[PDB]
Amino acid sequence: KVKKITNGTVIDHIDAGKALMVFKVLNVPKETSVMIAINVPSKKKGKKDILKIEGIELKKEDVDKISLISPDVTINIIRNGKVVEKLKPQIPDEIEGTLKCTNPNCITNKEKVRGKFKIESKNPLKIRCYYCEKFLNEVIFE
């Protein structure tokens, strides 16, 4: 019924309604061919989102960023139209820049100091700002 990917990545089992957030964070080149399924059937999740990206094999850094958005996705490496590998995003121990400290008065939001964070818990996800040492109350990609 539709053009099957030859070479690329299929980010499957994304929590329903979060594919657009994931896609934005990945920030792929403008001419990239992509298929985005939102709120579609899932035997495992009931409903889910899917991101199919042609011609790109995500780098570790991008892969792991996804873990901060949807903790149970399956990264499917496609080659010759076949799934040759399934990866799970890793929640990093530390993060450079990337996120916004949710403390309005943090030195990183008042001065020119790049963000720095540390993950202190994976489930639930708890991220502490290195500088003000306050936990983020939300995950925000800068």
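A residue's number is simply how far along the shown sequence it sits, counting from 1.
The PDB entry records a higher mean C-alpha B factor for 113 to 121 than for its counterpart among 33 to 41 and 113 to 121. For the pair 57 to 65 and 43 to 51, the mean B factor over Cα atoms is greater in 57 to 65. Split the chain's modelled residues into thirds by C-alpha temperature factor. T98 is in the middle one. Sort the modelled residues of the chain by CA B factor and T74 lands in the lowest third. Placement of the Cα temperature factor of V28 within the chain: highest third of the modelled residues, per the deposited record. Sorting the modelled residues of the chain by their CA temperature factor places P89 in the lowest third.
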